[PDB]
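Step one of this worksheet: look at the structure below.
Numbering (the authors' numbering), first residue to last: 1 to 39.
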């Protein structure tokens, strides 16, 4: 399956795009359990 090659690229690329966009998506979900200690 091409997933082998496609997975090798997206893996390293994902790290490049992350910072390119800002990298702050996972933190958005954390707010559901971070607002309690966001003082």
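Idealized CB from N, CA, C, for every residue including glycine.
Following the DSSP letters along the chain, one finds residue 12 inside the alpha helix (DSSP H) bounded by residues 3–21. One alpha carbon belongs to residue 24, the other to residue 17, and they sit about 12 Å apart. In the DSSP assignment, residue 31 falls within the unbroken alpha helix (DSSP H) covering 26–34. Take the alpha-carbon of residue 21 and the one of residue 11: they are about 16 Å apart.
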